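Enquirer: Have a look at this one before I ask anything.
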Amino acid sequence: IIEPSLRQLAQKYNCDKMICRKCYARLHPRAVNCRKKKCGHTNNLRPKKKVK
Amino acid sequence: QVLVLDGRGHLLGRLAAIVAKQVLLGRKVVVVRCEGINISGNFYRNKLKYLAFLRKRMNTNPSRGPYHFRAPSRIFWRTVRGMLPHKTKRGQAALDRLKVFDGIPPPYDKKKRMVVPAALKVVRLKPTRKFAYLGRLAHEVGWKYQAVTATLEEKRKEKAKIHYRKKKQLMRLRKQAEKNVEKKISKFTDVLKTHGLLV
Amino acid sequence: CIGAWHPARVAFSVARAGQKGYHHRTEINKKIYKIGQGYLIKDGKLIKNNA
Amino acid sequence: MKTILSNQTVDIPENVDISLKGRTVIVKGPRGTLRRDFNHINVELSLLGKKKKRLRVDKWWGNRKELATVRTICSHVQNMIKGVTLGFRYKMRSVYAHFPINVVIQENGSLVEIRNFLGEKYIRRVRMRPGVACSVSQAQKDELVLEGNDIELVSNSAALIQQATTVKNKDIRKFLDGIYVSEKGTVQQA
Amino acid sequence: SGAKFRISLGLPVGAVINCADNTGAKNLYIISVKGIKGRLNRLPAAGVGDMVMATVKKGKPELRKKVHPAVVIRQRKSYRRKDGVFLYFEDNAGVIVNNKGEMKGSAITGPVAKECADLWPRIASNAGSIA
RNA sequence: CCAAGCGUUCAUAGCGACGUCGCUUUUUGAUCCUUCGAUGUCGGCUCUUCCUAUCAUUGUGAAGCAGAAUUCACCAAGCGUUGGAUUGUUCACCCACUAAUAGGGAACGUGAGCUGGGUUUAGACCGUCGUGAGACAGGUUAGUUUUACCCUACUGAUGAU
RNA sequence: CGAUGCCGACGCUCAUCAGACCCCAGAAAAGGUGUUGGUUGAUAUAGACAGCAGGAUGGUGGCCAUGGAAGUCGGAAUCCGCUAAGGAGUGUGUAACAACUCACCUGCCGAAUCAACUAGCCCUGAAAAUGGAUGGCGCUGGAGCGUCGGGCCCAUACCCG
Ligand SMILES: [Mg+2]
Ligand SMILES: [Mg+2]
Ligand SMILES: [Mg+2]
Ligand SMILES: [Mg+2]
Ligand SMILES: [Mg+2]
Ligand SMILES: [Mg+2]
Ligand SMILES: [Mg+2]
Ligand SMILES: [Mg+2]
Ligand SMILES: [Mg+2]
Ligand SMILES: [Mg+2]
Ligand SMILES: [Mg+2]
Ligand SMILES: [Mg+2]
Ligand SMILES: [Mg+2]
Ligand SMILES: [Mg+2]
Ligand SMILES: [Mg+2]
Ligand SMILES: [Mg+2]
Ligand SMILES: [Zn+2]
């Protein structure tokens, strides 16, 4: 078990992310375009899905 | 007799273009410090260029060529060869008028080095552009004497520094001497100033 | 088959007849099990029990 | 478009002395000295005044990319001032569901050993950057404190530890174990 | 924990060996060998202690016309050991087992190689003697 | 590529209609440019090499990723990608092992390398067709596989400046 | 490789597959918060756009439809009062409670900010087999792309002989 505050700390680094739909790059939560050239800096981002 | 050039801070292809035309007119050229030569563009895209060259080999017998020389001097030499008609007697004669060196071995270490401002990186590149170092590029494609050449180039610079201090000393005496004998040489100093030699 | 039609040459990587053996070779990691002493004459006796 | 001039200024606290060797910035303060070379940027650095010193950064005839470098230099110089006066103190918490993460500090805080991370027998040994000291936190359990005068050395040191404890071949949304940077403060609060 | 060493393989695919248990099968016909990756043109081969896949050519009808897992317990090809001993047996024999390695029968006729006995404790318990 | 839908929910984890844009030349075509004073016609065997449109393995990102298993994507062709029954087969199918049992080019690689099972001469049988002689991308059986000492390439061996 | 070794002119462009000259010898849709230029529309010293407080409720859990949805899930409607204000509601969560964040608003500091399009160059889209070709070397204050200058080079063409 993890203290809920520490869980939020870990989630900031493992869960609170956006995911490029074309190249799956991990991105900061406020990302609007990917940072990778391989996808042409697309704006087709989606949230990193939450673990159940 | 011999045109000695210093490869540090020169862009590879512009130096080769000028050097090639020079040895085709019958002049001897020595380029030293080929590891100090530069290439425009980031290092990585220039490393990929040599790796692409490195893949060119006779599929049925690699020993028959192309020969991929790894020394910064030989890389430069092959680049000048690519700007000459080397399959004719006239081109091969020119190619023999060029010597290329990593570092500055004798006797050129104790001779004055000229530069080519039309190939200098400070002149020809925008300051914000990336560039590669021939020595680093050569070191990362199989060149083995980067560490030794630097070791011997540091010994040379230590000796050249002592030589420079001796020359500054002999110049401080030269200025003092001109004050001591100012009375006796004043007449000859007027001739020179009258004609622009001395300001 | 010593090659395909193209390249129209025999490649350096195809098996051919020729010299076998008498090749220079370097082999590593051969452990020393014993450094044996040579024969000695001591007090008029040959000492040779190095095995 | 090239802009005729773009500039920004930095205020220097009285207890900090800044000297310029070309574009090399030397900041001397109570906690030590930091030297940073900005020769990779074509700007003009100027020290103004004597009683309340200031540092000015100028970029004449800059396009969009070159203008973005003007503030970057100011922010770095300010961090150097922050380092030599207050220092940098990153804190890290170790997170684990089952296996406690044991951390041992060696070599006067320049080496970190991490044991039993997700129960692994492998021992992780992270070497801090020069000028950065790691220490276990006497105030809280399962915490580390990294301190130093250079923000990039301190923050790079912490990134090394955080990436040392990475989970592999598992669902990292479930297996959250690791040591993470939990706070970015200053050694001396002032 | 102690892994078995390589031994000479005397039984390629197609070898018909004796069946040395009381299942009813008389002989075992090797159709493949466990753990063999192999290469072009090389037949999978088996030695004492190896689990193989076999069919019964002679024996009770219920045991025929199907593939059994078996283990080789003796071999006529001489194999070296680490003490320098070259051992071989008078005949090639095996016993039918299951995937877990436990015998389908209950008794073994003849000796059983030490290489196989150490590897298969269920076969070892049934071995009248060990070589 | 768009996104109506599917996915309990939810267009885009994974898929995806109606439409539409391409790439490839390991399919078949279309054409008839080269070769009819001849470029040996399938398949296998053997042997080397190369491609990546990645099956496995190394490092990774994403899941409708708890674990295990699996699926999607990235850098990536270094190293592997097997033993067999039936068939001339390519193809196919099944048995079995395996980390995996990926897909391909090299004159549909490779007959002065083999083999000659098939196809494709002359003998002969059957069926259908033909008055017949004879015919049949219909079956069947038997049917000669030539030369290197030249040049190069390659492998080794003397040597030459 | 003959001729720019001109103190040539004004811009654009960075490519971890750059680009580089009729025929002609390789690329499309669709994309980019890379960068540049334009069009239209907003809002801002009555202090804009970030950043740094509160608020989740008064009729009311609006009534339907509900096993159950209270602002939060589907379908037609979708009002008022106190006010700096407060959607009868964007998002959090179940099998139902439970729960929270935006719309909104002022407190701060003080010059431009936001959005939709459009077109250049660059980038993604963009995979093949021997090693490999802007002709090559190479070239990035260009030896690239667009617009333009002087000058110069040479055909068996033109001129004089
Ligand atoms: Mg080598
Ligand atoms: Mg075979
Ligand atoms: Mg649906
Ligand atoms: Mg024709
Ligand atoms: Mg025609
Ligand atoms: Mg002919
Ligand atoms: Mg032929
Ligand atoms: Mg690939
Ligand atoms: Mg798993
Ligand atoms: Mg063929
Ligand atoms: Mg042939
Ligand atoms: Mg033949
Ligand atoms: Mg035949
Ligand atoms: Mg016939
Ligand atoms: Mg008839
Ligand atoms: Mg005339
Ligand atoms: Zn992306």
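Please note that chains go A, B, ... in the order of the structure tokens, that every chain numbers its residues from 1, and that ligands are numbered from 1 in the order shown.
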Could you please extract the residues within 9 Å of ligand 8, counting only C-alpha atoms (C1' of nucleotides) and all ligand atoms, and hand them back as a list in words?
Expert: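 The residues near ligand 8 are residues 52, 53, 54, 75, 76 and 77 of chain F; 127 of chain G.
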Enquirer: Select, as a list in words, those residues of chain B with any atom no more than 10 Å from chain F (distances computed using only C-alpha atoms (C1' of nucleotides)).
Expert: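 Contact residues on the first chain: residues 59, 60 and 61 of chain B.
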Enquirer: Using only C-alpha atoms (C1' of nucleotides) and all ligand atoms, which residues have at least one atom no more than 8 Å from ligand 10? Output them as a list in words.
Expert: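 Listing the residues within 8 Å of ligand 10 gives residues 107, 108, 109 and 110 of chain F.
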Enquirer: Which polymer residues have any atom within 6 Å of an atom of stretch 82-99 of chain G, counting only C-alpha atoms (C1' of nucleotides), with same-chain residues fewer than 5 positions away left out, as number ranges by chain?
Expert: G: 68, 71, 105-106
Enquirer: Hey, can you spit out that residue selection with C-alpha atoms (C1' of nucleotides) as a PDB file, in the first residue's frame?
Expert:
ATOM      1  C1'   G G  68     -30.990   4.253  -9.968  1.00  0.00           C
ATOM      2  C1'   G G  71     -26.267  20.131 -12.805  1.00  0.00           C
ATOM      3  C1'   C G 105     -16.342  37.002 -10.999  1.00  0.00           C
ATOM      4  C1'   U G 106     -13.485  40.553  -8.986  1.00  0.00           C
TER       5        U G 106
END
Enquirer: Pick out the residues no farther than 10 Å from ligand 2, counting only C-alpha atoms (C1' of nucleotides) and all ligand atoms, and list them as a PyMOL selection string.
Expert: (chain E and resi 39-43) or (chain F and resi 45+83)
Enquirer: Compute the set of protein, DNA and RNA residues whose minimum atom distance to ligand 1 is at most 12 Å, using only C-alpha atoms (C1' of nucleotides) and all ligand atoms, and state it as a ChimeraX atom specification.
Expert: /B:54,63,67-70,141-144
Enquirer: Hey, what's within 9 Å of residue D:47 if we count only C-alpha atoms (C1' of nucleotides) and toss same-chain stuff fewer than 4 positions away? As a ChimeraX atom specification, please?
Expert: /D:18-20,53-56
Enquirer: Do you have, as CSV, the list of residues of chain C lying at most 8 Å from chain B, each with its nearest atom pair and that distance in Å to one decimal, counting only C-alpha atoms and ordered by chain then number?
Expert:
residue,atom,partner,partner_atom,distance
C:7,CA,B:60,CA,7.5
C:9,CA,B:60,CA,6.9
C:10,CA,B:60,CA,6.7
C:11,CA,B:60,CA,4.1
C:12,CA,B:61,CA,5.4
C:13,CA,B:60,CA,7.6
Enquirer: Can you pull out every residue from stretch 100-194 of chain B that DSSP, working from the backbone, puts in strand (DSSP E or B), and format the result as a list in words?
Expert: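 Of stretch 100-194 of chain B, the ones in strand (DSSP E or B) are residues 100, 114, 120, 131, 132 and 133 of chain B.
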Enquirer: Just write the chosen residues, N, CA and C atoms, as a tab-separated table (two decimals), in the first residue's frame.
Expert:
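So part-v7.tsv came out as:
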chain	number	residue	atom	x	y	z
B	100	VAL	N	50.15	16.20	-47.13
B	100	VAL	CA	49.11	16.39	-46.13
B	100	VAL	C	49.60	15.77	-44.84
B	114	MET	N	50.52	29.84	-43.74
B	114	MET	CA	49.57	30.73	-44.38
B	114	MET	C	48.17	30.14	-44.25
B	120	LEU	N	38.11	29.91	-44.79
B	120	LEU	CA	38.02	29.95	-43.34
B	120	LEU	C	36.57	29.87	-42.88
B	131	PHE	N	28.79	22.69	-37.24
B	131	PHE	CA	29.89	22.22	-38.06
B	131	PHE	C	30.53	21.03	-37.37
B	132	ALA	N	31.28	20.26	-38.14
B	132	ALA	CA	31.99	19.09	-37.65
B	132	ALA	C	33.49	19.35	-37.66
B	133	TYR	N	34.20	18.59	-36.84
B	133	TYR	CA	35.66	18.59	-36.82
B	133	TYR	C	36.15	17.35	-37.54
Enquirer: To one decimal in Å, tell me the separation between atom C1' of residue F:64 and atom CA of residue A:47.
Expert: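 Separation between atom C1' of residue F:64 and atom CA of residue A:47: 14.8 Å.
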Enquirer: For chain G, which residues have at least one atom within 12 Å of chain D, if we go by only C-alpha atoms (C1' of nucleotides)? Write them as a list in words, please.
Expert: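 Taken together, these residues fit the definition: residues 11, 12, 34, 35, 36 and 37 of chain G.
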Enquirer: Could you pull out the residues sitting within 9 Å of ligand 5, using only C-alpha atoms (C1' of nucleotides) and all ligand atoms, and write them as a PyMOL selection string?
Expert: chain F and resi 31-33
Enquirer: Around ligand 3, out to 10 Å and counting only C-alpha atoms (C1' of nucleotides) and all ligand atoms, which residues are there? I want them as number ranges by chain.
Expert: F: 5-11
